[PDB]
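In what follows, a single structure is set out as structure tokens and then discussed.
Just so you know, all these numbers are worked out from the coordinates, no wet-lab data involved. Neighbour counts are summed over all protein chains in view; Cβ atoms, including those assigned to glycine, are modelled from backbone coordinates with ideal geometry.
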Amino acid sequence: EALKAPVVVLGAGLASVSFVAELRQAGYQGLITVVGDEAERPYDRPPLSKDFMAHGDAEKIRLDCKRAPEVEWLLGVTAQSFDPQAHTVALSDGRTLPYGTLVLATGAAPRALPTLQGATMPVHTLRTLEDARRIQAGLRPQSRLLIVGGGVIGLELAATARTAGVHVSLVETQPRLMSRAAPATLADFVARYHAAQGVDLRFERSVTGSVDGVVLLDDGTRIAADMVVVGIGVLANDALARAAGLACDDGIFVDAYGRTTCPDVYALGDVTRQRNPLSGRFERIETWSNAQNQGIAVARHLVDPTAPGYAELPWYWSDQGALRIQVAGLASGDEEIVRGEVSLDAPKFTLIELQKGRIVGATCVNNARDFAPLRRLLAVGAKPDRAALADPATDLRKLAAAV
Ligand SMILES: Cc1cc2nc3c(=O)[nH]c(=O)nc-3n(C[C@H](O)[C@H](O)[C@H](O)COP(=O)(O)OP(=O)(O)OC[C@H]3O[C@@H](n4cnc5c(N)ncnc54)[C@H](O)[C@@H]3O)c2cc1C
């Protein structure tokens, strides 16, 4: 009923690939056409601040489009507009695509820093393979890099650059790192780790401008750098949706079926503003797991309307040198339980966030084994014995089973 052929998807990132693979796997055999503005074989972004930044082989980061047979991928083509009455999409190459169902999977773009508009020194953001190549081409040993923003991507780049023998300074407007999506205990530990690896961290500082290779701060001081990478967050790529009259606010509003306010138009991944089931509030979720899992859920329900809506709880990971960080659910509740010691000597620990005895979030540092059972406990809103949660004798995989 809702799934009308032909299917057109705008964007060829993870959300798009995951969606079209699930359409095919679920048994939809109609036309699928995907429009991607990047002239690149679809690829995954997490490597760009990690192993790619370090080793430079793009053929290790391509998405597997095997589970998406009989898809026409229009790469290097921009969707300029769509007409939701005519059920058409206008492309940059002069062609028009008809659709029965239109899927907006256009992701998000790094926010520019207004105070570095008209900088006369290298200022980059890190989103694309082209961005990663341009940054890597300036990552010379004993270079000076300034990162603006203490989000996970800036910190992943900081670790990669330090490992490469690059001097790194980092300016954060907040009093802590990872203010978006991380428990304070984690953010404090992570700052201690980066400081110990030689990152020059500047907290509660904002950039006010730049002059001849030097960045100016709002404490009236200067940081000289060979290169600036700005990581102050992203803005949804929701321009086509806004122009066509869909409900958007830095992100296209969708329900759990991926429906926008425009009939026959859906949206998925980083472009969307959606319900976080743990907070009960709408948020733009900026994670790999959301892009994949939302794309799959929306495709499954299009093919099989008896399937449930998207229901997965949020989580991400970050690889920052010696720290393999995993974070699920909410950053805080009324209670944090710490398993293990929080120590720079062989870091290994777990945080559990509870709200009235109920697990609402969890963090693992170098403890992948405990993250899977904690996500299962989170998913059913488990209320375990807080003494047991704290006790390192406790086996979390066992608790997961018991419930
Ligand atoms: C450097 C980096 C590291 C990351 N590391 C992690 C990590 O460790 N863990 C984690 O959970 N998440 C991580 N993420 C986040 C994760 O990669 C994103 O959540 C994910 O890429 C979102 O996928 P998407 O398909 O919704 O959007 P995107 O990947 O942005 O894909 C959308 C595509 O649509 C294109 N597009 C936009 N407008 C148009 C148009 N008009 N016409 C055609 N094409 C268009 C875009 O240019 C883009 O190619 C990282 C992201 C980056 C950039």
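Label separation (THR78 vs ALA387): 6.4 nm, computed from points 7 Å beyond Cα along the C-beta direction. Of the candidates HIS301, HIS55, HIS124, which one comes out as most mobile in a Gaussian network treatment of the chain with C-alpha springs shorter than 10 Å? Taking springs between Cα atoms under 10 Å, the residue moving most is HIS55.
Our analysis of the range 83-174 gives Rg over Rh at 1.16, with the two radii drawn from alpha carbon positions and Rh computed by the Kirkwood formula.
The distance between label points at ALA5 and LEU344 comes to 6.2 nm (points 7 Å beyond Cα on the Cα→Cβ vector).
As an exercise, use a Förster radius of 41 Å and the Cβ-Cβ distance of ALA256 and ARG369 to find the FRET efficiency, rounded to the nearest 0.05.
Efficiency, rounded to the nearest 0.05: 0.85.
Seen from a random direction on average, the alpha-carbon convex hull of the range 1-111 projects onto 8.1 square nanometres.
Were the residues from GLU283 through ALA112 laid out at 0.36 nm apart, the gain over their Cα-Cα distance would be 59.5 nm. Computed from the alpha carbon atoms alone, the convex hull of the chain holds 149 Å³ per residue. Full extension of the segment from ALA247 to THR88, taken as 0.36 nm per residue of separation minus the current Cα-Cα distance, would add 55.3 nm. With the simple spin-label model, which puts each label point 7 Å out from Cα in the Cβ direction, the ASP218 to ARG397 separation comes to 4.8 nm.
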